[PDB]
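Chains as they are written, first to last, in the entry's author numbering: chain A, 1 to 99; chain B, 201 to 299.
2 protein chains.
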Amino acid sequence: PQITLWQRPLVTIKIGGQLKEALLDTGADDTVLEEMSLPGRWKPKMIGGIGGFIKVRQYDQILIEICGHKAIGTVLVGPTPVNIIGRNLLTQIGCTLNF
Amino acid sequence: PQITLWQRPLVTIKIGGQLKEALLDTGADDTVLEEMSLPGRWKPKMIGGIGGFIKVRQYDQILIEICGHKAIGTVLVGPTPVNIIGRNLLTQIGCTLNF
Ligand SMILES: O=C(N[C@@H](Cc1ccccc1)[C@@H](O)C[C@]1(Cc2ccccc2)NC=C([C@@H]2CNC(=O)c3ccccc32)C1=O)O[C@H]1CCOC1
Numbered sequence: 001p002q003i004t005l006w007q008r009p010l011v012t013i014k015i016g017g018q019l020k021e022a023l024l025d026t027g028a029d030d031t032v033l034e035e036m037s038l039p040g041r042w043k044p045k046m047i048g049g050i051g052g053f054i055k056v057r058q059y060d061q062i063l064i065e066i067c068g069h070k071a072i073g074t075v076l077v078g079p080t081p082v083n084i085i086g087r088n089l090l091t092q093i094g095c096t097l098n099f
Numbered sequence: 201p202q203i204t205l206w207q208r209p210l211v212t213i214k215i216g217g218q219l220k221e222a223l224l225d226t227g228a229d230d231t232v233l234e235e236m237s238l239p240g241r242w243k244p245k246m247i248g249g250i251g252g253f254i255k256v257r258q259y260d261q262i263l264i265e266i267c268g269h270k271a272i273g274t275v276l277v278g279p280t281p282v283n284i285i286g287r288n289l290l291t292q293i294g295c296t297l298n299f
């Protein structure tokens, strides 16, 4: 499927047993989801961009279903304004930028 | 061209006669560049990022070349870690996400 950018590229993902809307973000190295609970151990980390830095929790080997596709990778959790799917997971589903 | 996401999708842009590196950022609605001198007048603009909202300077009808593709649009100048090419300009060059 081809996705134009006239509107934010939002898709439905499945994690921890529930569905969520997320933003496909080529400008993000990793994936960050709103504050939630996840099984396993995590490490503190800080990420920054417009507006400053926020503290998140880094989880490894997390299973996430993006557009009915199973991809596994690093997931950050913190006070982000919106769920973001980063390159670390975009590459796994064979997503590319074209023009 | 088709750009894979294993690495950051950086491209060279041409603005004001000089070359610069920028990131193709589908997660950004707007285009934000690091501090620089742009012609004409500006108006205040409040944008929301990962770390909160900030005020930036907005310049309209700016000629920007992206990968040899000419575009004319709104460019915002403010504190940012990288030059960001958002959806407003990505749509002008016919960029899409495919998988
Ligand atoms: O700020 C954004 N867009 C956010 C996404 C977003 C969308 C809506 C609301 C909040 C955030 C994102 O796409 C932009 C950016 C820019 C950046 C590139 C490389 C390193 C540092 C900053 N890319 C990744 C991260 C962040 C932080 N820094 C990171 O390094 C990182 C790593 C993993 C996930 C997310 C990120 C960013 O802040 O949009 C603004 C301005 C343009 O239009 C509106």
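All C-beta atoms in this analysis are idealised placements derived from N, C-alpha and C, irrespective of residue type, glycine included.
The bridge partners DSSP lists for residue 7 (chain A) come to none.
Pairing residue 51 (chain A) with residue 281 (chain B) gives a Cβ-Cβ distance that is not under 8 Å. For residue 81 (chain A), the CB falls within less than 7 Å of some heavy atom of ligand 1.
Between residue 284 (chain B) and residue 266 (chain B), the gap from beta carbon to beta carbon reaches 8 Å or more. Between the C-alpha atoms of residue 54 (chain A) and residue 272 (chain B) there is a straight-line separation of about 33 Å. When DSSP states are grouped into helix, strand and coil, residue 98 (chain A) belongs to the strand group.
At a threshold of 7 Å, residue 60 (chain A) does not count as near ligand 1, since its beta carbon sits no closer than that to any of the ligand's heavy atoms. About 24 Å separates the Cβ atoms of residue 209 (chain B) and residue 12 (chain A), ruling out a contact at the 8 Å cut-off.
Relative to the non-hydrogen atoms of ligand 1, the Cβ of residue 285 (chain B) never comes closer than 7 Å to any of them.
Nearest Cα to residue 220 (chain B) within the set B:295, B:228, B:235: B:235. Per the coordinates, the alpha-carbon of residue 77 (chain A) lies some 8 Å from the alpha-carbon of residue 59 (chain A).
With 16 or more other Cβ atoms from the protein chains shown falling within 10 Å of its own Cβ, residue 224 (chain B) counts as buried. When DSSP reads this structure, residue 31 (chain A) sits in a beta bridge with A:75. Residues of the same chain with a CB within less than 6 Å of the CB of residue 228 (chain B), apart from the 5 flanking positions on each side, are 284, 286 in chain order.
DSSP lists no bridge partner for residue 236 (chain B). Nearest CB-CB separation between residue 238 (chain B) and chain A: not below the 8 Å threshold.
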